Protein chains: 4
Amino acid sequence: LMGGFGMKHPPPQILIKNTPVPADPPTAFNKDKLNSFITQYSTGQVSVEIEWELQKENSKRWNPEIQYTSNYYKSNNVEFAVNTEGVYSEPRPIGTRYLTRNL
Amino acid sequence: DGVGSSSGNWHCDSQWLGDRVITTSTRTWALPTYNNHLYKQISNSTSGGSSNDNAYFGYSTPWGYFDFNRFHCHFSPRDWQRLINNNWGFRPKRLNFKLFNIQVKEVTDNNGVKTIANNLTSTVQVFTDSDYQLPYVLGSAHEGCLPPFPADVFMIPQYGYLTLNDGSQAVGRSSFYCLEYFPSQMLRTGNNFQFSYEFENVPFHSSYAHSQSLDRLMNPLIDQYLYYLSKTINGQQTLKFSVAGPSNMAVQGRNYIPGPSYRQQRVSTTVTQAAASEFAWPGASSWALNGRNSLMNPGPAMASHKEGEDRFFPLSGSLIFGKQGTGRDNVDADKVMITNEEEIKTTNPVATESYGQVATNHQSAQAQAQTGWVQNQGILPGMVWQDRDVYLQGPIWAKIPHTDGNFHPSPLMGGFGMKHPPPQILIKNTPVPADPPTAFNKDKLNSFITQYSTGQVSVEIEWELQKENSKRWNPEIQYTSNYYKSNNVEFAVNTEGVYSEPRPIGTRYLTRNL
Amino acid sequence: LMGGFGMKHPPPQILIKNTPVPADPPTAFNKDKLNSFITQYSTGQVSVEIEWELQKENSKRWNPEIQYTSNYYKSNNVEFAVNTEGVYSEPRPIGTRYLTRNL
Amino acid sequence: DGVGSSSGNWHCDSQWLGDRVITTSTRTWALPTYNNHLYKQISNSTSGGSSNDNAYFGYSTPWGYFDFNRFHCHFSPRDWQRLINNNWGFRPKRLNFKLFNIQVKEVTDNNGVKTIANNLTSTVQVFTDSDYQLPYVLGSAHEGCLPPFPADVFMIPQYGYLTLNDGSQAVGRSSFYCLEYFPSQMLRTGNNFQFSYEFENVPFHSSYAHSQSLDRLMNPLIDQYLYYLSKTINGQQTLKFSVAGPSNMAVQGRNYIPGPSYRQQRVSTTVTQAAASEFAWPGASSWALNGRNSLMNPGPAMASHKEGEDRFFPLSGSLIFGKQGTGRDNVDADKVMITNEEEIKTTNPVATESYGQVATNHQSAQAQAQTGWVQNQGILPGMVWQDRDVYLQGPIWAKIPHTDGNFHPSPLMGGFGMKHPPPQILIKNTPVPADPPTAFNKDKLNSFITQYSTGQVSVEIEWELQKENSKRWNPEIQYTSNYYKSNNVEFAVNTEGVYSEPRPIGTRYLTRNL
C-alpha cells in the first residue's frame, strides 16, 4: 500500500554484528557471563547490484508527452546536488507517471 | 484483381459440428466522407452542453470503423435458439474477416440533380489496430453494427474518441491521435482485404439457470451437527441452543454466501402508479470519478426482482433495448424491451433489496441489540455469483482496461472480457482533390470530389460449445415460438419489408445443480 | 547557415509533370506548335522513408537534465493538434539541444 | 601483494633509440584529505568576488588528480637539449602509468603534538576518466604537476570543476558530477595500479626555425614575367608598368601570405620608461563570451617583436614563467621569465604590429587614395603560419573541446591538440569513520580518522622523432651551457638543495628551408 512490488520471498534480510572481544578476565574462574569487553566498531564498503527489466513505450500519440525536466531558471543551488557546506538534498519527490497510454 | 472480376463471394451460413459452431455473415455496407476529410476537435462546448457530469474533450476523425460486437450479427434466431436450448456454455475461439467487392462512386450536382458514376482509380484505406494503440470504442454498446437481417444495407459509423478533459478544455496529458500515422492497405475496385484473429482464452458463458438456491443446498432429511443460539431470555440471560435442522433451514451453517450488491431504486411498470417526485436522476445509484457523477448502469450482476415481482425492475440495473421503430427521446414503456436477470436469483442478491443485516452495537441489559441494513456489500471470501446474461441483440465482448489491478473482469453489460479483444477495423475513403489552381498555393487543399464507397463485408467466428450432461428426469424449460395465429411471424419482415426483433432472448433455459 | 547537413551530393531533385494532351487538331496541317490542350490535373500518394543514425548519450551527470515537455495546465486546444475547424498548427519552434555534455 | 613486499620499483631513465626516445619518470607523492571527504558548491560569492568577468559556479571535490602535462616532468635538461639540437620534430606515441608502494597514515593529536602511524587496512581509490565523462582540467596550465627534479616530493592537487553560471548562481543546464558514481579500484598497502594509453595521431611539433622568410622566396637574380603598376601621374592619369625584379622585391607577385593576426599592445621591459596611464587591463586585447570579457592570452601564434626589438613583448601574447622562489602577486620583471616567439617572424606577423594595409575607398581626380590599418586579420586562402613553440617547463597537450567545428586545433598555449588526450587520473583516500554512537542516527557520519596517503608514481611516454636531413653547409645554432664561472650550475640544486630552472628553453634551434 505504500508503493512497490509485493513478494512472498523478497530480498532476504542481511544481518551484521561485531563479534564481542572480551577484556582481560579474572585469574580465578567465575561462572557468570563476561560483561567487560573491548570497545570496538567496524567499517567497510557495501555494494549492491540490481538488474531491472524495462517495458518500452509503443505509443502512437501525435502530440508531445509530459516529461520530467529541470528548470533552467537561475538559482543559488543546483537541484539534486550539494550545498556550499557539502549537504546533499532532494528538493522534491519524483514519481514515475509522465508518459501516457490509453485506458 | 481487375475491374470486371469479383474479389469475393457471399458467405452467410452456420455450420454445427459436435462441440463447435461456425457462424458466417456477409453484409453490404456504405461509407461516406466524414468531416470532409478533416480531423475536428470536439467537446461539450462545441455541442452546447454545460453540466459538469456531461463535460468532455476529444476528436472526430474522417475514418469509419466496422463493428460486429452484437450476437445477432452472427447468430440467426434459429441458431440462437439451438445454442441456448442445447448447450450449457459457449465462447468465441477464432475470427476471420474479409472486405471485398470495393466500389467507389463519385457524386456530381449540377442544379438540384445529382449524378453518380464510378471512379475506378480511387482507393479506400483499411487497417486494423492489432497493437491496440488507439482508443477502443467497441467496448460500448454503440449503434452501427452489422444488421441482424442479412439483406439490410448499413452505414459505416464514424470513428471518434475521447481524452482527458477539464470542463470543455484539455490538459497537457490529453492525447491526439492521427489515424494516417498508421500503415494501411489502399484498395481499388479490384482489391480485397482480410485478416485472421484468435480469441484469447475466456471462460464459457453461463447459458444455464441454477436448479438449486444457495440457501437450500443441505439435505432436507438430516440434522446438522452444529448448534445455534435459539433463546436468550426466560420470558436473566438464559442462553439456549438448538440443533439446526430441516425445520429451521434459515439458521443452518453454510459454507458459501451470495455475491456482492449495489442497491438499485425500484420502479414499477404498472400504469396509474403515482410517483411521489421526479426521481430518475435524484434517486439514481451512482459512482463518482474526479468530481464527475456517472450513473451505475447496469452495475453488478444482481437479480432484477424477487419471485412473483416481475412488474418491478431496477432503475438502472438492467439492459433496455428499443423495439423496431422506437424513437430516440422520451418513449413510453411499451416502446422498449426491459431485460431481467431473474435466473440468477439463486446466487445473486436482489438488485432492489439490501444484501442483509449486520450488528451495529453491543447488546446489554441496558441497550437492545441493534442491526443495520447493508445497501452495498463488497467482495467477501466464500462469495459465489453469476455474471449478467448475454442476449441475441446484446454485446459480445469488451476490452479490459489496461490497469494495474482488476477483479473478475467480465463486462458489466454482459459478454467476454479480454485484454486483447478483436482489433478495431478502421476504413476511410482516400480524398480525391478537385482541380487545383494553376498557381502554387501552400495552403492545404479544401476542394475535393464528392465520393462515397460501398462493398461487402464478411466475418466468420468459430464458437466452442459446452454440451449438457444433466441427469434431470423432468423436461427442461426451452425457448419456443408460440403457435397461436398472429398477423406477422416473429423475427421476420413486415408487409413493408421491415425486419424486427420482438423480444430479447437470453441464454439461460437449461438447468444444472449449484 | 540556416541549419542542417551540407552535402556535395544531397538527395536528388524529383521533378514531376503532367504530359500535355492536345485537344482536337485542325483537319488541315499547320506547322505551328499546338496551343489547345485538354485541361488536366493529377493526384496521388507519395511516400518517403529515411533511416536516421542515433548517437546515444553516456553522461555521468548526477542531477536531472532539461527535457522538452508539454504543459499540463488546461487549455482550449492540445498543442500540436487540430482545432475545432480541423486546422493543424505548430505552436512553437522546437530545437534539439536539451541534453548536456562537457566542453 | 602483502604489507612487507614492495609493489613496484623506481624507474627513472631516458632511452634514446634511432627514431624514438622513451622517457620514464618516478616521483613520490603525498595525498591529504580534501574538503573533509565532502563535495562543496563553490562560486565567486563563496570566494567574495563581485566583478562579472570573474563570476563562476562549480564544485570542489574530495578527490585529487595526477598531472604530468609539462615537458620537464619527463625530459631532463640534457635530454631536452639533445632533443632540440638533434631533431626537426617530435610527438608523443604511447603512455604507461603506474601507482605503487601505497602507504596510508593516520594522524592523532593529543595536546599540541601529533602522532603518525600506519593504517594497514585503509584503502585509496583510483580511477581513470577513459570515457572523458568529467570536465577536463588538464588543458589549463595549472600547478601541481610532477616536479622537474626527481628527488622532490610533491602534493597531489585537489580536483575541481566549473559549470554554467549566471553571476554567482547556477542555471538548470548546469551539471553536478559525483566522482563516486564511477567504478574505481581500491588499493591497500599491498596493491598497485597501472594502465596504458595510446596517443591519437598528431602532427610533429615544429622544433625548427625557418632559414628563409616568406617575402624572400624568389630567385634574387631573375626578373619575374609579371608587371606591377609603378607610376600614375606625369609629375593626367599616366599609367606606367614595370617588371618586378630583384631591385624591387616588395612588389613581386607571391603565392602565399603570412598567417592571421590579433594585434597586442606593446610593452617595454626597459626600466625608467614613463607610462602615460594604467593600461594593463584597459589597453588589453580581449574576446567576449556571453557578456564576459576574457583576456586574449596567449592568443594566435605571432612574432613577439621585430628584428632587434627584443626589449618589447606583447601585453598578453607570450607565456610568462616565474623564477624559482618568485611570489604570487605583483612581482617585478626580473622575477619572471618572458618567453618570445621571434623564430616565427619569417611566416607569422608581428604581435604588436598591424597585419597590413587595405584600400578603403575609390581613388579619383577629386579623392586621394585611402588605406586603413588591419589590426585583426582572419584566415585567408594561401596563408601559412607556424604554431607557438613548446618549452621544457611548458604544457604538452590539451583536450580539443567537443564542438561542431574548429580550425587548426593546436593549443594556443603550445602543444598537441587531441580529441582524446591522456585521461584524467583521479585519486582519493577512502574515508575511515571514527567510533559511531551506540544508538542509531540516520545522519551521515561527520567524524572521521585523520588520514593521508603517500606513494610513488611512474609515467613512461614513448616519443617519435623526426630526424633532420639538412644540406646546410655552415654550422647550426645550438642550445649550449655557458662555460664562464658561476656560483651555481644551471639546472642544478643550490647550497640549500633548491632546484631551479634559470631560463625557458624552446625547441627551435635547427633550421630548414621554407
Side-chain angles (χ1 to χ4, degrees), chain A residues 71-79 81-86, chain C residues 63 100 102-103, chain D residues 34-35 39-61 135-144 157-177 262-267 275-300 313-322 326-333 335-336 338 351-352 375-376 395 398-399 401 403 411-413:
Chain A
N71 301 330
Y72 175 81
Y73 190 78
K74 54 184 177 180
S75 60
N76 293 19
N77 307 281
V78 177
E79 293 186 353
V82 296
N83 197 16
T84 58
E85 284 71 30
Chain C
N63 54 319
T100 59
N102 294 324
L103 182 54
Chain D
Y34 282 119
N35 290 346
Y39 287 77
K40 295 183 177 181
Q41 165 187 318
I42 61 178
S43 62
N44 57 279
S45 177
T46 69
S47 68
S50 300
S51 52
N52 184 253
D53 297 332
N54 294 300
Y56 69 91
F57 184 102
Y59 299 91
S60 60
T61 71
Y136 201 82
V137 302
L138 302 182
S140 303
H142 286 302
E143 296 278 6
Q158 182 182 3
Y159 175 76
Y161 60 92
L162 299 176
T163 181
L164 302 184
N165 70 282
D166 188 5
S168 62
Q169 293 177 333
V171 296
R173 199 172 294 119
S174 300
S175 302
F176 169 70
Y177 297 96
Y262 199 89
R263 186 174 183 177
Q264 288 284 337
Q265 183 54 267
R266 192 175 67 170
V267 189
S277 64
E278 174 47 59
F279 71 84
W281 178 260
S285 307
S286 84
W287 46 271
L289 188 63
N290 195 21
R292 292 202 299 257
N293 283 328
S294 177
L295 182 67
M296 183 64 94
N297 180 26
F313 68 105
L315 174 59
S316 68
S318 61
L319 299 182
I320 313 299
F321 296 101
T326 301
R328 187 184 187 273
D329 303 324
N330 295 118
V331 300
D332 290 326
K335 302 297 179 58
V336 297
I338 298 180
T352 61
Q375 318 290 2
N376 57 317
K399 181 180 179 301
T403 59
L412 292 182
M413 292 188 297

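All chains are named by letter (A, B, ...) in the order of the sequence lines, taking the proteins before the strands, and each is independently numbered beginning at 1. The analysis underlying the following values was restricted to heavy atoms, covering all of them including side chains, and did not include hydrogens, waters or symmetry mates.
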Looking at every non-hydrogen atom in both residues, tell me the closest pair between [X] and [Y] and how far apart they are.
| X | Y | value |
| --- | --- | --- |
| D/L164 | D/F57 | O-CB, 4.2 Å |
| D/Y262 | D/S286 | OH-O, 3.0 Å |
| D/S285 | D/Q265 | OG-N, 4.2 Å |
| D/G291 | D/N52 | O-OD1, 3.9 Å |
| D/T163 | D/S174 | OG1-CA, 3.3 Å |
| D/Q41 | D/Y59 | CA-CD2, 3.6 Å |

Interatomic spacing from [atom1] in [X] to [atom2] in [Y] - rounded to 0.5 Å:
| X | Y | atom1 | atom2 | value |
| --- | --- | --- | --- | --- |
| D/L319 | D/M413 | CG | CE | 7.5 Å |
| D/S175 | D/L162 | OG | CG | 12.5 Å |
| D/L315 | D/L295 | CG | CG | 7.0 Å |

Residue pair C/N63 / A/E79, side-chain heavy-atom distance below 4.5 Å: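 No; the side chains remain at least 4.5 Å from each other.
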- prompt: Hey, are the side chains of D/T326 and D/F321 touching, using non-hydrogen atoms and a 4.5 Å cut-off?
  reply: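 No, every pair of side-chain atoms sits at 4.5 Å or beyond.
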Sidechain-backbone polar pair: [X] side chain, [Y] backbone, donor-acceptor under 3.5 Å:
| X | Y | value |
| --- | --- | --- |
| D/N293 | D/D53 | no |
| D/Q169 | D/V171 | no |
| D/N44 | D/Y56 | yes |
| D/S316 | D/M296 | yes |
| D/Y136 | C/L103 | no |

message: side-chain contact (heavy atoms from CB on, under 4.5 Å) for D/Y177 and C/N102? Distances and angles first, verdict last.
response: CA-CA 11 Å; D/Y177 297 96; C/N102 294 324; 2.5 Å; yes
- prompt: What's the verdict on side-chain contact (heavy atoms from CB on, under 4.5 Å) for D/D166 and A/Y72, showing C-alpha distance, side-chain angles and the deciding distance?
  reply: CA-CA 11 Å; D/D166 188 5; A/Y72 175 81; over 6 Å; no
- prompt: Taking atom types as modelled and ignoring hydrogens, do the side chains of D/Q158 and D/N35 form a donor-acceptor contact shorter than 3.5 angstrom?
  reply: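 Judged by distance alone, the side chains do pair up.
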- prompt: Should the pair D/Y161 and D/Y159 be assigned to parallel (<30°), tilted (30 to 60°) or perpendicular (>60°) ring geometry?
  reply: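 If you compare the ring of D/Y161 with that of D/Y159, the planes turn out tilted.
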